[PDB]
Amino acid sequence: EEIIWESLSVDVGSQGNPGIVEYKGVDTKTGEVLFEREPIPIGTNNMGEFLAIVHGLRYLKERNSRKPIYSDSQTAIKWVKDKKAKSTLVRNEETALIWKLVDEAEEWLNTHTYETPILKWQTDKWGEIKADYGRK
């Protein structure tokens, strides 16, 4: 502890897992929604959590912001650190879009730099992350 209020918080939302995936990023302090991705017909929770972090990195870099990013996903934080999303989702025609976006996010990480700290949101101590979809 405690919370770094000057930060961006991201989270996935889904209808099924695998299922329809979306994500958004919010100002941790105010809850203002700063970006939201159009729903992707089939993906996993972790692919969406990964895309949300990478989108946050790109969003902050474009704006010359040094704010950290909070995610509640141990998995996605590791995938970003590794620059590799180790998803089990079948690659087929139905999953082509999510896998294209994941491939492109990895490619961005491999061609750009950033100093953005990627921090674990401590849900057990602080409650749900401010970007949560409220579906659980």
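When you see a residue number, it is the position in the sequence shown, counting from 1.
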| query | If you average the Cα B factors in the entry, which is higher, 49-57 or 80-88? | reply | 80-88
| Quick one: higher average CA temperature factor, 69-77 or 22-30? | 22-30
| task | Just grab whichever of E36, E107, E94, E62 has the top CA B-factor as deposited. | result | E94
| field | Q122, C-alpha B-factor rank within chain (lowest, middle or highest third) | value | highest
| field | CA B-factor placement of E128, once the chain's modelled residues are sorted into thirds | value | highest
| task | Relative to the other modelled residues of the same chain, rank the CA B-factor of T113 and answer lowest, middle or highest third. | result | highest
